[PDB]
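Below is one structure, written out as structure tokens; comments come after it.
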Ligand SMILES: CC[C@H](C)[C@@H]1NC(=O)[C@@H](NC[C@@H](O)[C@H](Cc2ccc(O)cc2)NC(=O)[C@H](C(C)C)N2CCCC2=O)Cc2ccc(cc2)OCCCNC1=O
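Chains as they are written, first to last, in the deposited numbering: chain A, 1 to 99; chain B, 101 to 199.
Structure below.
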């Protein structure tokens, strides 16, 4: 799909067998999902953007379906204002910026 | 041009007569530029990132050139680690997300 930026680039994803809305964020190195229960082990981590640092749970090798496209990677779960799909998963589905 | 996401999408921009490196952020509603002495009238504003909010100064109708592409719009100046080009300016240069 070719997505324009007149509106926030939000898409439906499926993670942990659950449907959610996430933002395709080219300015994010990583993927940060709102607090939820994900199968498997996790290691505590700390990330920081504008506004400050937050504590997150790091889940590895998690399957995520973005708009029908499969990806399997690291997902950070924490107190984020929005679900963010970062470059680690965007590269897996072959997403690019064009102008 | 087509930009892959293996690395952060950093490009050269021109603002206030100066050249800077900025991140193309599809997850940013606004454009946030690092602290600089831009002339003109402004208004206080608070924007939120992943870890909280920061105080910024809002400047309107600021001419910004992105990768040789002219644009003009609102720029928020504040204490940011990186210059961020948001959707308000990306739409003007016809940027899209494709996968
Ligand atoms: C500041 C940019 C704009 C203003 C902001 N958008 C972003 O920050 C969006 N993009 C995040 C991106 O700007 C930001 C840029 C950046 C890069 C390196 C740094 O050292 C510091 C900041 N990236 C990150 O915060 C990501 C994080 C999401 C994993 N980080 C942290 C360090 C490395 C990295 O990539 C994400 C978001 C979207 C909506 C949000 C909050 C956050 O709430 C709704 C409110 C609207 N907020 C926004 O539109």
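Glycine included, every Cβ here is placed at the ideal spot set by N, Cα and C.
Who are the neighbours of residue i on chain A, taking C-beta pairs under 7 Å?
i, result
"residue 193 of chain B", "99"
"residue 180 of chain B", "50"
Just to confirm, does residue i get its C-beta within under 7 Å of one of the non-hydrogen atoms of ligand 1?
i, result
"residue 164 of chain B", "no"
"residue 33 of chain A", "no"
"residue 101 of chain A", "No answer is possible for residue 101 of chain A: the residues shown for chain A start at 1 and end at 99."
"residue 82 of chain A", "yes"
"residue 95 of chain A", "no"
"residue 28 of chain A", "yes"
"residue 103 of chain B", "no"
"residue 73 of chain A", "no"
Name the chain A residues whose beta carbon is nearer than 9 Å to that of residue i?
i, result
"residue 144 of chain B", "Within 9 Å Cβ-Cβ: nothing; residue 144 of chain B doesn't reach chain A, min ~16 Å."
"residue 126 of chain B", "3, 5, 8, 9, 23, 24, 25, 26, 27 and 97"
"residue 187 of chain B", "5, 6, 7, 8 and 9"
"residue 190 of chain B", "5, 97 and 99"
Hey, residue i and residue j are a contact pair by Cβ (cut 8 Å); roughly how many whole angstroms apart?
i, j, result
"residue 113 of chain B", "residue 185 of chain B", "7 Å"
"residue 104 of chain B", "residue 99 of chain A", "No, residue 104 of chain B and residue 99 of chain A are not in contact; Cβ-Cβ is about 14 Å, not under 8 Å."
"residue 51 of chain A", "residue 148 of chain B", "6 Å"
Nearest to residue i by alpha carbon, out of the options?
i, options, result
"residue 83 of chain A", "A:59, A:1, A:6 and A:11", "A:11"
"residue 90 of chain A", "A:18, A:16 and A:32", "A:32"
"residue 179 of chain B", "B:188, B:163, B:164 and B:158", "B:158"
"residue 81 of chain A", "A:54, A:87, A:6 and A:62", "A:54"
"residue 156 of chain B", "B:145, B:162, B:163 and B:164", "B:145"
"residue 119 of chain B", "B:187, B:163 and B:130", "B:163"
"residue 134 of chain B", "B:116, B:161 and B:177", "B:177"
Can you list the residues of chain B that residue i reaches, using a CB-CB cut of under 7 Å?
i, result
"residue 84 of chain A", "127"
"residue 54 of chain A", "150 and 151"
Run through chain B and tell me which residues come within less than 8 Å of residue i, C-beta to C-beta.
i, result
"residue 32 of chain A", "150"
Sufficient close CB pairs (3 or more, under 8 Å) joining the stretch 63-82 of chain A to the stretch 133-146 of chain B: By the Cβ criterion, the stretch 63-82 of chain A is not in contact with the stretch 133-146 of chain B, since fewer than three pairs of Cβ atoms, one from each stretch, lie closer than 8 Å.
Segment contact flag, the stretch 109-125 of chain B with the stretch 20-30 of chain A, C-beta cutoff 8 Å, min 3 pairs: Touching, yes.
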